[PDB]
Structures are given as C-alpha cells and as structure tokens.
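Q:
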Ligand code: CLA
Ligand code: CLA
Ligand code: CLA
Ligand code: CLA
Ligand SMILES: CC(=CC=C/C(C)=C/C=C/C=C(C)/C=C/C=C(C)/C=C/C1=C(C)CCCC1(C)C)/C=C/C1=C(C)CCCC1(C)C
Ligand SMILES: CC(=CC=C/C(C)=C/C=C/C=C(C)/C=C/C=C(C)/C=C/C1=C(C)CCCC1(C)C)/C=C/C1=C(C)CCCC1(C)C
Ligand code: SF4
Ligand code: SF4
Ligand code: SF4
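Structural data, given as structure tokens:
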C-alpha cells in the first residue's frame, strides 16, 4: 500500500523470488534418494520455506522492488504489530529483567557481612523476587515515581 | 688501570656499566662493609664476590647504585655508602651529609608541601597570566 | 563533484573535534569556578555525571541495534 | 651542554633529542611559554594570522597560475 | 556518650573518594588542638587497595545535621 | 524445604545452564512457529 | 616543578606505609603535630627520575604524582648517555 | 539501505561526542584523578597503581576522539 | 588459611571470601579479582613457597 508495493495478494517481483532461488534448490536432478531415508532437501527445508506458497499467512507485508518485504509500522492500512505488538512485548519482558535487577539487589546491603554474596546467587535468578514482574500490574508505573525510589532517595 | 691497582669489588668482564658519559660529565659510586667472602647479584647483569678493602664499586648513575640495598639489604649489614665523583672534586656530597637512613630526625632541609594554597578545592584553575610581579616562582 | 564533498567532510569532521578540544582547554588554563557559579556554564559542570550517560545510553542503544540489523541481514 | 631554543627554557637545555621535536610543536602555544604577556599573546596571535590571509593568496595565485599558458582553457 | 561522637557522617571536600556518601566513623579527636582528627569508615573501597581515611570537622558538612 | 524470604545459593556460571537451556527453549519456540517477522495472537 | 607531583596525604607516618623510590625522598621532618609526627611531601628533589612508585603505597588521598616535571634534566631520565 | 547508514552516521556523532563531551566535561579532574589540573590538557600518562591510570588527559580523549571523527566522516 | 588447618576437617572450604595473597580479596568488594582467579590461576609464587606439590 505505502511506498513499496502491495502485500502478497500481488507482488510479481516477490513471486520470482519464491521460485528461482529456492526451487533450484532443485538443481539436483536427482541425487540419490529414490526411496532412501536421509537426505532432506527433498522434504521441507524447501517445503518449510516453500509450502509457504502464495500464502505466508498473508500479513499484508509491503514488499518493495526485488520484492523483499519492508516494514512500515505507522499504525494504519494494515501494519501495526510489526513494532508495537512485538514492541510492548520487548518492553514488558525487559524491565521485568531489571525490575528484578533492582530487586535481587535491593534485598541486600544488610544483616551481617554482605560483601559479594553476589558472585554466588542467594536465590538462583532470585527465585523469590521472581514473578514480581508479571506480578507487576501497574507497579513501577506508580510506586517507582511515588515513594521507595522516592525523590527523597533521588 | 694497573700501575695503580687499588680494587675491592670482584667481577671480571661485562658490557654493562660505565661508558663515555661518566667522564665528560658526572660519575656516581657506591661503597660498603661485609663479613666473610660472599657472592652477590649485581646491577648491569653479571655477578661476583667481596671480602674487603674499601669495598668501593663505581657506578654509571645513582639509581643504579642503591639497588645494592633493594636486595643488598636482604643480605645483612648496616653500612652501605655512595657518594658523587666528578671529573674534579665536589659540591653534591651525596650520602655524606647529616645522619643517614631516610626516616629519622635531625633537620628538615627542603621539601615543604603545599605550594601557595593546599590540596583543597583547586577547581580554581590557573590564576594570573604569568606576569613579573606576583609570587608564582615556587 | 565527489572529491570535493569530502575535503569539506574531512576537515568539518576534522574541525568539530578541535572545536570540542579548545572548549576543554577553557576549563583548565582559563575558567574560574568562583567567577562563573550558580551560573549556567557551571551546573553544566556540576550536573555532569548524567550528561555523559544519557549520551552513552544513546550510543550503546544506537550500537547493538544497528548491529543486530546488518549481521542478521548478513 | 649549551643554551638554545628561543622561547622556552626547560626545553632549551635538555640534552636529548626531545630538545628538537618538542621545539617543533610548542611554537604555536603562545599563552604561557616564557616569552608571553596578555598584551604579547593577543598581538602574538594577531600578526601571526596576518601571517595568515597571507599564505592563502600564495596558494590561490598559483592556482590561477598553473593555468593561463597550458592546462586547457 | 551524651552528645554525638561517631554515629553517621557524610563527606564534603570533592577529592575524597566516598565524598557525598555517608559511611561510619570512630575515635573522633578529643582535645581543643589540631586540624586532621576523625577516622571514618565504610564498606566501599576506592582507588587504592586499602581505604580507611581521616577527614576533619572543618566541614564534615554532615549537614542536617 | 524452602519457604519464605530467600533461599539456597548456586555456582559462578549457572548462567551456562541458563544461556544453554532456558534461552535454548526458544529455538524450541522458533520451530513450533518455525517462523516470525510479525505474529498472530491468542 | 621542576619536580612537582603531590603525594602528600595527612599522616605522613612512614611505617608499613612507604619507602620505595631511588634517593629522592629523605623526609621524616616532624611538623609540630601530625600523629606519628613526620610530614610534608619531599626533601631536595633535584636528584632523581620520575616514579609514582612514590605513592603506589602510603596515601596521597587526592592524586599521586607521575611524570609532571617537564623541565627535565637528564640525570633526570637514565639517558643522558 | 538508507535507514541504516543513516542510523550509523547517528551512532558516530554521539559516541564521538560522549568522548569529546566527556573529554571536555572534566579536563578538570575526577575520582581517579581528582586534582587533574594547572596544566590540564596534555599531561598524558600517570603512575601505575591507584586503579591503574592512563590516557586520561582531556587531550588523550581528544586523542581518542579523533578515531570516531575518522569513522563517522567515513 | 585458616579455616581450619590442619587436623580437624575433612570439612571442605566452600564459603568465606577469598584466597590469593594476603591482604587478600579483602572483605571489601571488587571486580578485578574475577579476571584475577582465572588469569594466573596456574602460576607459582603462591600455593606454597615450596616446590614439592607444584610438580605434584
Ligand atoms: C580525502 C580527502 C579529501 C578530498 C577528497 C580532498 C580533495 C581535494 N583537495 Mg584536499 N584536503 C583534505 C582532505 C581532502 N581533500 C584535508 C584533510 C586537508 C588539510 C589537512 C586538505 C588540504 C587541501 C589543500 C591545501 C588543497 C586541497 C586541494 C584538494 C583538491 C585537490 C585534488 C585532489 O586530488 O586532492 C586529493 C586528496 C589528497 C591528496 C589528500 C590530502 C593530502 C594533501 C592535499 C595535504 C598535504 C599537505 C599539507 C596539508 C600542507 C603541507 C604544507 C607544505 C607543503 C609547506 C581536491 C578537491 C587543493 C585544491 O583545493 O585546489 C587548489 C588544495 O591544494 N586540499
Ligand atoms: C583553525 C584553528 C585552530 C587554531 C587557531 C588553533 C590554535 C591553537 N591550537 Mg589547536 N587544534 C585545532 C584548530 C586550531 N587550533 C584543531 C581542529 C584541532 C584538532 C581538530 C586542534 C588540536 C590542538 C591540540 C592538541 C593542541 C592545540 C593547541 C593549539 C594552540 C597551540 C597550537 C599548536 O600546538 O601547534 C603547534 C604544532 C606544530 C608547529 C606542528 C606539529 C603538528 C603536527 C600534529 C602535524 C599535524 C598533521 C600534519 C598536517 C601531518 C604532516 C603533513 C604531511 C603531509 C607530511 C593554539 C592555541 C595546543 C594547545 O595549546 O592546547 C593546550 C595543543 O594541545 N590544538
Ligand atoms: C529482541 C530484541 C532486540 C534485541 C536483541 C534487543 C537488545 C537490546 N536492547 Mg532493545 N528494543 C527492541 C528489540 C531488541 N532489543 C525493540 C523492538 C525496542 C522498542 C522499539 C527496543 C527498545 C530498547 C530500549 C529503549 C533499550 C533497548 C536496549 C537493548 C539492549 C538490552 C538492554 C536490556 O534490555 O537489558 C535488560 C533491561 C534492563 C537492565 C533495564 C532497562 C530498562 C529499559 C528497557 C527502559 C525502557 C524505556 C524505553 C525508553 C521505552 C519508552 C517508554 C516511554 C513511552 C515512557 C540490548 C542489546 C537498551 C539499550 O539500548 O542499551 C544498549 C535500551 O535503551 N531496547
Ligand atoms: C569496530 C569495533 C569495535 C567495536 C565493536 C567497538 C565498540 C564500542 N566502542 Mg569502540 N573503538 C574501536 C573499535 C570498536 N569499538 C577502536 C578501534 C577505537 C579507537 C582505537 C575505539 C575507540 C572508542 C571510544 C573512545 C569509545 C568507544 C566506545 C565503544 C562502545 C560505544 C557504544 C556502542 O557503540 O554500542 C555498544 C557496542 C557494540 C554495538 C559492539 C558490540 C558489543 C556487543 C554486542 C558484544 C556481542 C556479544 C556476543 C554475542 C557475546 C560474545 C562475547 C563472548 C561471550 C564470546 C562500543 C562498545 C565508547 C564507549 O565506551 O561507550 C559507552 C567510547 O568510549 N570506542
Ligand atoms: C527480552 C528480549 C531480549 C533480549 C535480549 C537481550 C536483552 C540482550 C541484551 C544483551 C546485553 C548485552 C549484550 C550487554 C552488553 C554489555 C556491554 C557490551 C558493556 C560493555 C562495556 C561496559 C561493561 C561499560 C563500558 C565499557 C564497555 C563498552 C566495554 C526480547 C525478545 C523479543 C524478541 C526475540 C524480538 C521481538 C521482541 C521480543 C519478543 C521482546
Ligand atoms: C535553525 C535550525 C536548526 C538547528 C539546529 C541547531 C541550532 C544545531 C546546533 C548545533 C550546534 C552545535 C552542535 C555546537 C556544538 C558546540 C558545543 C556544544 C561546544 C561545547 C563546548 C565545550 C566542549 C565546553 C565549553 C566550550 C564549548 C562551548 C566550545 C533549523 C531550522 C529549520 C529546520 C532544520 C526545520 C525546518 C525549518 C528550518 C528553519 C529550516
Ligand atoms: S602519605 Fe605517603 S609518604 Fe605521605 S605522609 Fe604518608 S606515607 Fe608519608
Ligand atoms: S616518585 Fe618521584 S620522587 Fe618519588 S621516587 Fe619516584 S621519582 Fe622519585
Ligand atoms: S601505564 Fe600508563 S602510565 Fe603507566 S606507564 Fe604505562 S603508561 Fe604510563
């Protein structure tokens, strides 16, 4: 739709890629497996990149010249989850990497001599502060900016 | 030399120490005591023996001739002693002067430690522009 | 047209550096903390640890993210 | 062991070769090296880069002078 | 013990490694006399292998209080 | 045998049983969906 | 300056602290009160080369010295020869 | 093709300048060398010990800078 | 080293900060000693001032 061309529903240049290129894959008139039970170009590796026919799903997917598919993601016509869908995902996953970074850490500096407890690991991954992340509804999106890590501690 | 042969600190050969610039300028030399015939380590790579005389080896440059200590006091002895020879005489009386063993008290001599103002907030950079009338020649 | 955009790209880059390099000499030979302070050239010094970090955070990001896209692509 | 380089002094009687290199690269550092005053300095960069503009025209001249008798025009 | 001797003090000089950070103290000076009393001590080391230094009340800005 | 308020330790590189594996299960999602470049949802 | 690197500190005590450094540092010059009472930063420095072996050990709590001397003899670098 | 080089000229003047910004933003001194001054610029080197100290004159960061001004401008 | 020479434990040394020259890895925390430890891990100026073992 936008600058490149249209998706899969038609994309000539893209088609030619499917075809030569892979299929030459072929390329081996035979090469012996008339019945034989190993050499697997034959089945999929093609067909797994191939039966990926005039279908790939359908995804829209813009495809420029040479018809390799370009990613817009401007949240329109079709292309929204080529960044946000896998974007918030990157956010949510990290941040629950370091929410617990700022955790199997802010749990130590105390009791008795706590000077490298960390070259060994007290609860592995933390396996205690673990889920604190999925057990983030809202969380740092309020309690980070109000209290605890409070401007005070700023 | 030989017609006068006055030695003390045994060695034989070596492409190590003393060469042209210890006549044409300054000289530098260390002297010492010792008990009974003992084999040493040496500056300049080599190694020999002792017994006595003056026990007076001469040395190229004075960082060289105190290292008899940085090992040549891990081998007994109070006394080791290096001076400064010229091509003519004195001023710079090197291990001479007063007391010895860097870490006692008779006098104070030099040193100071401060400049104008002390270690404190010299976030203050360089001040006046260098100009022949305000105490910055020290 | 192509050995003339660059002797003006070399230089130009070559400058910039020297620009940035005589404004780290001001801070030592000249400059004067008692004579500049609360004063907005200060504060620039004072609130400095952040300044390199929120700079370094640009690079490290601008680093591996360009380099995912270009090996992956290779 | 003589005395030489006519501006610095620590540099001036240094017996090695540093004597040389370090001569030919302190030259342009007027602000603070022996010979200097805020009056000297300034002017000592002023009739310096009047020594500038100056060298830019012996460049341009010859640019227009290997051209006029050969070098197609 | 009755006033405050060595119970929590920041550092404020800007040269001293743990400067703005507050660690713990010890046998702070008694007499009218000198200018470098007070030992202080904290967990975090510094640029030397051993770090347990003595600063002095002209300053310790503790500050509040 | 592990109840409430942190637990037992572990070695220098249990990261080499964390790079290898966990992460390793993920090729295991990168063949179940042998492909990406956007993704359907659930 | 011509040998001007500051290793000073505040204790200037020198027991299990610092000694190392070819000739340069004949101190113990007790200033009228500084604990193990021996102080300052040097003696007559116009003698030897440019270490920072000078700290490496026994505090300077600030900097530590290194080369800064510029005006630099030869006796002040091994090699005048 | 241009949505990369164009992000890799951007990773240049950034990195180039975290070092120049930094280079500059303390030719004055810092923790490792606190009193780094009266000469600021090119005092290249210092003694071993403290942590181990090196190209930490604002010149040697300029020195270090000029490699990325020679890698962007490329 | 220390716990608990010498005659008196089987009980192996798993736990108590450090080992490798003597104002050792110090209580006080740092990173350098994690490239220390691997580097110079094999070496001999430490382990013991006495041949013996090393060839062993
Ligand atoms: C990679 C290079 C880039 C490019 C594409 C160019 C291209 C050009 N420069 Mg150039 N230049 C550059 C970087 C560049 N420069 C830099 C970094 C400097 C200063 C450090 C200069 C200083 C310079 C001068 C003075 C002149 C040019 C000129 C030119 C043109 C001459 C044709 C040529 O083939 O140059 C090819 C590129 C090179 C040969 C590499 C640069 C090496 C030389 C020119 C510098 C060495 C001399 C040194 C700076 C001064 C010595 C003083 C001494 C002789 C007394 C050409 C457009 C000339 C011109 O514009 O026409 C009148 C003019 O001569 N340049
Ligand atoms: C356009 C101008 C501009 C001006 C007016 C100045 C002026 C000054 N600069 Mg400077 N500088 C500039 C741009 C400028 N700079 C730029 C762009 C850079 C880097 C991009 C620098 C990097 C720089 C440094 C590091 C220093 C100065 C210093 C100085 C001061 C002394 C100059 C000096 O040391 O030269 C004397 C140099 C020579 C006589 C020649 C030796 C130079 C070598 C490196 C040759 C360079 C490459 C060369 C062309 C290759 C050989 C040619 C080949 C064809 C054979 C003086 C205040 C010094 C200073 O005072 O700071 C405290 C010093 O620290 N500058
Ligand atoms: C799987 C994917 C791919 C890969 C291999 C990476 C890999 C990396 N990314 Mg990354 N990223 C991706 C896709 C990817 N990213 C996508 C799709 C986006 C959104 C467009 C981002 C946005 C992003 C950001 C902002 C950053 C990274 C960073 C990083 C570096 C990892 C730091 C980290 O996450 O540690 C574990 C996490 C922590 C230790 C805590 C860090 C907290 C971060 C994630 C704060 C998030 C706020 C951010 C600005 C969002 C704006 C929200 C705002 C509207 C309020 C690392 C090399 C960081 C970087 O560049 O440093 C080199 C960081 O700058 N990424
Ligand atoms: C091609 C080069 C090489 C690489 C990869 C780097 C990379 C870097 N340089 Mg650098 N540099 C280089 C050559 C290189 N430099 C050279 C030749 C010089 C001059 C001699 C410099 C002078 C220089 C300076 C002055 C600075 C840097 C800085 C940086 C960092 C800037 C942040 C960034 O770009 O994103 C981050 C890094 C990358 C994109 C590179 C890849 C790093 C990751 C992805 C490693 C891969 C992990 C891998 C899977 C695991 C393998 C390890 C092992 C387990 C097998 C970065 C680490 C700056 C800095 O410190 O930033 C804070 C700044 O200090 N450089
Ligand atoms: C979660 C994640 C991740 C990851 C990954 C990651 C997260 C990675 C990271 C990494 C990191 C790193 C790699 C780091 C490194 C570091 C460095 C490199 C450093 C360096 C340095 C330092 C240390 C300082 C300064 C100096 C130097 C520079 C040396 C993501 C996922 C995903 C995917 C698949 C795609 C889509 C989206 C999602 C779905 C979401
Ligand atoms: C106007 C403009 C702009 C801009 C932008 C800008 C405006 C930029 C700027 C830049 C600058 C720079 C980049 C500079 C830098 C430098 C510096 C930063 C320095 C620093 C220093 C130091 C280092 C220290 C001290 C000294 C000194 C200061 C030197 C634009 C406008 C426009 C546009 C585009 C859009 C459309 C409209 C218009 C209208 C057309
Ligand atoms: S700090 Fe160094 S040499 Fe200075 S006073 Fe102590 S040990 Fe003496
Ligand atoms: S630090 Fe300096 S003065 Fe001290 S020994 Fe080394 S060179 Fe001599
Ligand atoms: S380490 Fe750095 S400073 Fe030290 S010597 Fe080598 S270079 Fe010089």
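Residue numbers (the deposited numbering), protein chains in the order written: chain E, 1 to 154; chain V, 19 to 156; chain Z, 368 to 441; chain Y, 2 to 74; chain A, 28 to 92; chain X, 1 to 42; chain C, 1 to 81; chain G, 515 to 588; chain P, 21 to 76.
For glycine and all other residues, C-beta sits at the position ideal for the given N, C-alpha and C.
#1: Indicate, with yes or no, if ligand 2 has a heavy atom lying under 6 Å from the CB of residue 392 of chain Z.
#2: Any heavy atom of ligand 7 inside 6 Å of the beta-carbon of residue 14 of chain C?
#3: Work out the CA separation of residue 29 of chain C and residue 118 of chain V for me, nearest whole Å.
#4: In angstroms, rounded to a whole number, what distance separates the CA positions of residue 22 of chain C and residue 26 of chain V?
#5: Buried or exposed, going by whether 16 or more other CB atoms sit within 10 Å of the CB of residue 376 of chain Z?
#6: What does the alpha-carbon distance come out to for the pair residue 78 of chain C and residue 49 of chain C?
#7: Closer than 6 Å: is that where the CB of residue 385 of chain Z sits relative to any heavy atom of ligand 2?
#8: Just checking: is the beta-carbon of residue 48 of chain P within a distance shorter than 7 Å of some beta-carbon in chain A?
#9: Going by C-alpha to C-alpha distance, which of C:67, C:13, C:31 and C:73 sits closest to residue 51 of chain C?
#10: From the DSSP output, in three-state form, read off residue 74 of chain Y for me.
#11: Looking at chain G, is there any beta carbon in it that lies within less than 7 Å of the beta carbon of residue 144 of chain V?
#12: Using a C-beta cutoff of 7 Å, does residue 540 of chain G count as contacting chain V?
#13: In terms of residues, what are the limits of the beta strand (DSSP E) holding residue 74 of chain V?
#14: Terminal residues of the continuous alpha helix (DSSP H) containing residue 424 of chain Z?
#15: Give a yes or no on whether the minimum CB-CB distance between residue 128 of chain E and chain X is below 7 Å.
#16: Shorter than 6 Å, the distance from the beta carbon of residue 33 of chain V to the closest heavy atom of ligand 4, or not?
#17: Under the assumption that residue 65 of chain C contacts residue 515 of chain G (Cβ atoms under 8 Å), give the Cβ distance between them as a whole number of angstroms.
#18: Starting from residue 51 of chain Y, trace the beta strand (DSSP E) both ways and give me its first and last residue.
#19: Since I believe residue 546 of chain G is in contact with residue 74 of chain A (beta carbons under 8 Å), could you give me their beta-carbon distance rounded to a whole number of angstroms?
#20: Quick one: Cα of residue 67 of chain A to Cα of residue 53 of chain A, how far?
#21: Return yes when the C-beta of residue 26 of chain Y is under 6 Å from any heavy atom of ligand 2, and no when it is not.
#22: Let me know if residue 169 of chain V comes out buried or exposed under the rule of 16 or more other beta-carbons within 10 Å of its beta-carbon.
#23: Look at the alpha carbon of residue 76 of chain E and the alpha carbon of residue 522 of chain G, and state the distance between them as a whole number of angstroms.
#24: Using 7 Å as the threshold, is the C-beta distance between residue 115 of chain E and residue 38 of chain P below it?
#25: List the DSSP bridge partners of residue 101 of chain V.
#26: Alpha carbon to alpha carbon, how far is residue 43 of chain P from residue 108 of chain V?
#27: According to DSSP, what are the bridge partners of residue 36 of chain A?
#28: Would you identify the three-state DSSP class for residue 126 of chain E, choosing helix, strand or coil?
#29: For my contact list, residue 86 of chain A and residue 40 of chain A are in at a C-beta cut-off of 8 Å; report their separation, rounded to the angstrom.
#30: Does the distance from the CB of residue 99 of chain V to the CB of residue 49 of chain V come in under 7 Å?
#31: Measuring straight from C-alpha to C-alpha, what distance separates residue 122 of chain E and residue 63 of chain C?
#32: Pull up the CB-CB distance for residue 80 of chain C and residue 39 of chain V, whole angstroms please, since I reckon it's below 8 Å.
#33: Name the residues in the region 98-125 of chain E whose C-beta lies less than 9 Å from a C-beta of chain P; which are they?
#34: Using only the alpha-carbon positions, how far apart do residue 23 of chain Y and residue 12 of chain Y sit?
#35: Look at residue 543 of chain G and residue 576 of chain G and say whether their C-beta atoms are less than 7 Å apart.
#36: Output needed in chain order: residues of the region 61-75 of chain C with a Cβ under 7 Å from some Cβ in chain G.
A: For this structure:
#1: Reading the third chain from its first residue, position 25 is the one you call residue 392 of chain Z. Yes, the Cβ of residue 392 of chain Z comes within 6 Å of a heavy atom of ligand 2.
#2: On the seventh chain, position 14 is the one that residue 14 of chain C refers to. It does: the Cβ of residue 14 of chain C is within 6 Å (strictly closer) of some heavy atom of ligand 7.
#3: By one-based count along the second chain, residue 118 of chain V stands at place 100. By one-based count along the seventh chain, residue 29 of chain C stands at place 29. Going by the C-alpha atoms only, they are around 13 Å apart.
#4: Within the seventh chain, numbered from 1, the residue matching residue 22 of chain C stands at position 22. Within the second chain, numbered from 1, the residue matching residue 26 of chain V stands at position 8. About 25 Å.
#5: Start at 1 with the first residue of the third chain, and residue 376 of chain Z comes out as number 9. Result: exposed.
#6: Reading the seventh chain from its first residue, position 78 is the one you call residue 78 of chain C. Reading the seventh chain from its first residue, position 49 is the one you call residue 49 of chain C. Whole-angstrom Cα-Cα distance: 8 Å.
#7: Working through the third chain from its first residue, we reach residue 385 of chain Z at position 18. Flag set: Cβ of residue 385 of chain Z near ligand 2.
#8: Translated into the one-based positions of the ninth chain, residue 48 of chain P becomes position 28. Chain A contact via Cβ: present.
#9: Working through the seventh chain from its first residue, we reach residue 51 of chain C at position 51. Ranking C:67, C:13, C:31 and C:73 by Cα distance to residue 51 of chain C puts C:67 first.
#10: Position 73 of the fourth chain holds residue 74 of chain Y. Residue state, collapsed to three classes: coil.
#11: Position 126 of the second chain, counting from 1, holds the residue named residue 144 of chain V. Closer than 7 Å: yes.
#12: Locating residue 540 of chain G in the eighth chain gives position 26, where the first residue counts as 1. No, because no Cβ of chain V sits closer than 7 Å to the Cβ of residue 540 of chain G.
#13: Here residue 74 of chain V refers to the residue found at position 56 when the second chain is read from its first residue. Residue 74 of chain V -> beta strand (DSSP E) spans 74-76.
#14: Start at 1 with the first residue of the third chain, and residue 424 of chain Z comes out as number 57. Its alpha helix (DSSP H) spans residues 423-438.
#15: Reading the first chain from its first residue, position 128 is the one you call residue 128 of chain E. Yes, residue 128 of chain E counts as interfacial toward chain X.
#16: Along the second chain, one-based indexing puts residue 33 of chain V at 15. No - ligand 4 has no heavy atom lying nearer than 6 Å to the Cβ of residue 33 of chain V.
#17: What you label residue 65 of chain C is simply residue 65 of the seventh chain in a count that begins at 1. What you label residue 515 of chain G is simply residue 1 of the eighth chain in a count that begins at 1. Not really, about 54 Å apart at Cβ, beyond 8 Å.
#18: Translated into the one-based positions of the fourth chain, residue 51 of chain Y becomes position 50. First-last for residue 51 of chain Y: undefined, no H or E at that position.
#19: Here residue 74 of chain A refers to the residue found at position 47 when the fifth chain is read from its first residue. Here residue 546 of chain G refers to the residue found at position 32 when the eighth chain is read from its first residue. Confirmed, about 6 Å.
#20: What you label residue 67 of chain A is simply residue 40 of the fifth chain in a count that begins at 1. What you label residue 53 of chain A is simply residue 26 of the fifth chain in a count that begins at 1. Straight-line Cα distance between these residues: approximately 6 Å.
#21: To locate residue 26 of chain Y, count along the fourth chain from 1; it is residue 25. Because some heavy atom of ligand 2 lies under 6 Å away, the Cβ of residue 26 of chain Y counts as near it: yes.
#22: Outside the displayed span of chain V (19 to 156) sits residue 169 of chain V, for which this structure offers no information.
#23: By 1-based counting over the first chain, the position of residue 76 of chain E is 76. By 1-based counting over the eighth chain, the position of residue 522 of chain G is 8. One C-alpha to the other measures close to 28 Å.
#24: In the first chain, residue 115 of chain E corresponds to position 115, counting from 1. In the ninth chain, residue 38 of chain P corresponds to position 18, counting from 1. Against a cut-off of 7 Å, the Cβ pair of residue 38 of chain P and residue 115 of chain E comes out as no contact.
#25: Looking up residue 101 of chain V in the second chain gives position 83. Its beta-bridge partners are V:47.
#26: On the ninth chain, position 23 is the one that residue 43 of chain P refers to. On the second chain, position 90 is the one that residue 108 of chain V refers to. Roughly 46 Å separates the two Cα atoms.
#27: Here residue 36 of chain A is taken as the residue at index 9 of the fifth chain, counted from 1. Answer by DSSP bridge pairing, in chain order: A:50.
#28: The residue given as residue 126 of chain E occupies position 126 in the first chain. Residue 126 of chain E falls in the helix class under three-state DSSP.
#29: Counting from one through the fifth chain, the residue named residue 86 of chain A turns up at place 59. Counting from one through the fifth chain, the residue named residue 40 of chain A turns up at place 13. The pair is a contact, with the Cβ atoms about 6 Å apart (cut-off 8 Å).
#30: On the second chain, position 81 is the one that residue 99 of chain V refers to. On the second chain, position 31 is the one that residue 49 of chain V refers to. The criterion of a C-beta distance shorter than 7 Å is satisfied by residue 99 of chain V and residue 49 of chain V.
#31: Residue 122 of chain E sits at position 122 when you count from the first residue of the first chain. Residue 63 of chain C sits at position 63 when you count from the first residue of the seventh chain. When rounded, the distance between both Cα atoms is 38 Å.
#32: As a working mapping, residue 80 of chain C is identified with position 80 in the seventh chain. As a working mapping, residue 39 of chain V is identified with position 21 in the second chain. Right, the Cβ-Cβ distance comes to about 6 Å (below 8 Å), so this counts as a contact.
#33: 113, 115, 116, 118, 119 and 120
#34: Along the fourth chain, one-based indexing puts residue 23 of chain Y at 22. Along the fourth chain, one-based indexing puts residue 12 of chain Y at 11. Linking residue 23 of chain Y to residue 12 of chain Y through their CA atoms gives a straight-line distance of about 7 Å.
#35: As a working mapping, residue 543 of chain G is identified with position 29 in the eighth chain. As a working mapping, residue 576 of chain G is identified with position 62 in the eighth chain. No, they are not a contact pair.
#36: 62, 63, 64, 65, 66, 67 and 68
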